[PDB]
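Reviewing the structure listed below.
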Ligand SMILES: Nc1ncnc2c1ncn2[C@@H]1O[C@H](CO)[C@@H](O)[C@H]1O
Ligand SMILES: Nc1ncnc2c1ncn2[C@@H]1O[C@H](CO)[C@@H](O)[C@H]1O
């Protein structure tokens, strides 16, 4: 928990930071100008008001301003007023306050999204962002529930898009500002929470802070501030995203102090694969291409630091060896195992100790095309394996085998199960398989699910490079640990390959019933694989193999987000296309609105054969 | 001192790395393949030599490989051999060794430049760099003196100093000035002249190779170095290179820790350098205070220079003494106008000067920055009082209530007029009395031709998308140039004197007599300024004000480097151009060969009026 | 005596007894060490069980010679010139000196005619003359411009020797001269003095051509000539080794008489038998010690 | 890189 | 940013 | 202190 205090009254700034820092807060949301000091910019005599317009910058150090202060826009500044004088004064004053915050070098600046029309506010912010050089972030302070729905029913003649109102405020604002990286959410959490699907759309948004009023805190038997079960659930979900918490309001438990409001959150944090994926969340990577590019030693180390996958291959080889040599033929039947793409040698060791624990005899081949991994394989053979394992430095497709294989074992599976040309590699590695031979993995399927993520969309845009098509980045899959995203529907299977196959071009149409309002930003690709009969490896998030972190999901972006409504199904079509030299994917959304076909002819992403 | 050990015999790799670390070396240069294990790639039966080709990856940890080992190419690999079979085998083996080093993730790799023709080596290196993804650096091992000039005169029947630099220059030009190709310099017994050492110091030298044979022996027996060698070690220690010790221990009575201990001893015996540290060869963009409002941190960086403001205070002191005699001391009030008052260090300098001069002044602090006006007006409310009048206006458009005896400004840049001091002080001289003084009284800019291959690579690396692909060569860069070579003495370009009582457009032709063969890479610009009579501020590298780090030099690049030889004269033309809206510079080299005119019409760089 | 010797057998020498000396080094795998092996039954080589003597060296074995009958002078990859000595029972190989005085891999060693002085060429471009009795370098010479490929001591004059290098020089050295070297005007790769003619030597270059020089040419091989050995006959035959894995025995006019392709890797050292003067033992990097009967 | 990504 | 540069 |  990193927390701040939102004060709207700072008599002296140094004393106020002292009192805020004693209580344990890490920053301070404060007004840079006086919140009641309304200023005139067009009309005399109040336009020519003398003296300083605010307090000096010399009251805190530069590091204090750049680390400790989050500035607030003054409440009277309504750039979307219906009075033109008020509107122009508010444009001028908001520019003045934004420029002063840029001058102070504040890290963040709070602006309120408290009404439906915020277009002039969006324009003044867009023009500030594009003028000069400054690096302050902009936290739109948007409520979870609109303020005219949190009102009491105490008006006799005015009795009280209901839960999806303020999200559309935020969506309109961020769309006008063109999905800026420097505009994020500061979310206000009232006493009434919306449904679970509304809270999920918010959790796929750039939430950098969460405002918690002291009024939503209940009271325990000893008098301390606590939270309801739904509020605690929301705090836990927001603690997953590593947002910061802003305490607003006054002390509604006057016997204790704001240390109590802060200590409840500091307590509730400590009462909260995930360790491996720290620092890789929402960090896009290029999918590996082991067939075209020679992997580094460290890539293989990350491959081999996963024991669950290699235990699963060893168990599958164990079971296949049992179901191929009866125990009466145990001591005289030698099984030809061929490890295809042997790597630095973890599948060969798995085969060896699998035949050891199965009490069967195997003659093993380690085919590898990487000459530098062949160096390691040959050192392994010289020092450990000996004559049991024959190391071949060839490509399994044009290798000429001295004999046929009972079992072929490979790990040519990517995050989408076929984006590393496992079908093409096991097609050429099939003529040296016996007519009753087994392949491990014998089956693999890929799954797709539609997602929403503003952060992933901005990362994909930030992947734009020169000397390239300006939208090529949207036609590439990305291996990414999906963190700040919202999944719109359950995954459905896309492509299936089975080995041995006694055409790898594929076409799939998938309709996803989207039971909620959303905005589509891309598709997430997972996979399942059947190595042997009951032995499976899955990164699919409902049947995920526990602790098995060899694969992150794939993300296929779309060039333009597609707004989806309640009950509107999403139709996506994928193609697995190929020629003699290249293999690629193409995808297109065809419902509720069509998109372009992404990656035609593999112009942005091919897997090289 | 970070230092390494260069071994060509590593029997066991872990034991040798341990012993090397015991002696105190930070890295170890070693052959990844056996140096004598020549390999055949074309002819059978030796093409099909069995077994591992080299050592296993697994003999050291990953972090050991990426941080501790600098690879070496095998000595038999001659890609530029005159025998076609030898050079094809050497191309294939060089590719194999480079790919194994990329696979091992080595931080660096030593390749030898020991002959004049190295074109096929350059092609194989350039093809490795553009194939795959890998981040190893390539240290080209080149001597100070060619080995055919170091040989003894003991053969009965059998360009001098600039030979191996031309080897390196041809190599790096063929490889297109890659960021990944640097120099490892061999310092032999015989040492070249001072100007050969200056081009070498201008190069990307990442390591220096000191054989143990060049070490002298003292009366206690330990290794030492000559005075010329000690001077070279000091000049290289300025660059923070790593020293590689090669050869065997010629002082067998002592350990091999002694050669390292002497370098540590020289290391421990070698304000502006402390400020500029971490900014060496880092290209900023020059500030534009007139067109951009600055930040609190920028002004704070300005005000951490006590020398410049002490100089302004001394100039105002002397001017106040001159303009008011002692008998007219208490009745004559001198109107000073501080133009561009900032956050107020010039106003404080003027007040302290008028106290020290013991004269009475009425001061005006003009500042167009609305955010620094806040600081100025808090200063005025608290400290200054009614003596200082803060004006929130441009000095050009501000209507004064009286004339000024002195106008004081700090509007100077690294090139003395790139921040529009002439145009600002031109519009600010109509409210100056006919005997009024301007501080600074006049300022001149000085230019010198420089060679710096790292700076040329930095300017190339500044290629930004969505603009002209070569518009980074038409911008001045504020740069603390460190790794450069100044080809000739600075000469004055443009002079501006204030007040101008008689056009700020200027044209200069500068002829620089070079006495050395070099390769011109740009022009470094300095300035001098006379504030008042004998009070000057200078950033010229000879007349530099001591400990005054307000201004770094400015750098004008040229698009393609211009090779120069001895006795030639570099003739360059500089224009200061302007219109009603903008001011810019244009430059072109006219001798020895012409370059294009850089920045025509300010297409890549203007200063906004 | 190590349990196993390394794959890359580098040198083989027949002493006047008829015993064979093998020098091997592992040029691949985990440890790049070397080993020496005395086989007094030469037909049992390279089986490590049937060896008279053996020893493990600290680094590789680039070259070796006999210093008389019980001396083994080794060029090591560590810059060392080292002297191993057999014991009285010829059962152990024992080191006398190991001097690390070259700055890089000592690539060749030859013993001068007196038998008390040696020469050593290295990859550091320096050629050293050693006094084997006092275990010192008499004289270092930096006269080449590139690494020294071969040095060949004269069988007749003790001071005179030859050297070739990668700077395409063949220097002839008289150690007693004030300027000792003089140039004998493709890179030379190997040298051999004629056993009888005092002013005649053959040299092989990197293109496979063996030439005869008076202080003649023949495209014997396809790749570089690694070594050139002369037979002990009254009219010597010349054994030519090469990196094309081939052995060729030539007559006095460089006309080819014998050719062996028994090796599956580089052929490193040949040596004629002192007992059976038609026997020629060649070693290679394929761990193969092949004995040939030359017509 | 982790997760079969560079 | 130091030396009159951003 | 921290109990609902
Ligand atoms: N066609 C192929 N033949 C052999 N090894 C392969 C082939 N394709 C991929 N590999 C290897 O498979 C592993 C992961 O796909 C890596 O070791 C890679 O080098
Ligand atoms: N025309 C101008 N009027 C007033 N202040 C200026 C003007 N141009 C530059 N300055 C100020 O001068 C200082 C140094 O250039 C900065 O405070 C900058 O804002």
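Quick note: numbers on chain B are straight from Swiss-Prot, i.e. 14-171, 180-291, 296-527, 531-637, in order.
Just so you know, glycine gets a Cβ as well, placed from its N, Cα and C.
Binding of protein is attributed by Swiss-Prot to B:435, B:444, and within the candidate set B:327, B:551, B:555 the record adds B:327 to that site. Away from its own ends, the region 'Dimerization' (B:488-494) comes close to residues 631-632 of its chain (Cβ-Cβ under 8 Å, at least six residues beyond either end).
Ligand 2 lies under 6 Å from the Cβ of the following binding-site residues, listed in sequence order from B:333, B:334, B:420: B:420. Helix, strand and coil counts from DSSP across the region 'Dimerization' (B:488-494) read 0 helix, 0 strand, 7 coil. Every protein chain shown contributes to the tally, and the Cβ of residue B:435 (protein binding site) ends up with 24 other Cβ atoms within 10 Å.
According to DSSP, residue B:435 (protein binding site) sits in a coil region rather than a helix or strand. The Cα atom of residue B:392 (S-adenosyl-L-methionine binding site) lies nearest to that of B:435, taking the binding-site residues B:327, B:435, B:444 as the candidates.
The DSSP secondary structure for residue B:420 (S-adenosyl-L-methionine binding site) is coil.
Using a 10 Å Cβ-Cβ cutoff, residue B:420 (S-adenosyl-L-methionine binding site) registers 26 neighbours. Under the three-state DSSP scheme, residue B:392 (S-adenosyl-L-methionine binding site) falls in the coil class.
Whole-number maximum of the Cα to Cα distances across the protein-binding residues B:327, B:435, B:444: 15 angstrom. A gap of 15 Å separates the Cα atoms of residue B:324 (S-adenosyl-L-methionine binding site) and residue B:444 (protein binding site). The DSSP secondary structure for residue B:444 (protein binding site) is coil. If you measure from the Cα atom of residue B:444 (protein binding site) to that of residue B:419 (S-adenosyl-L-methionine binding site), you get 14 Å.
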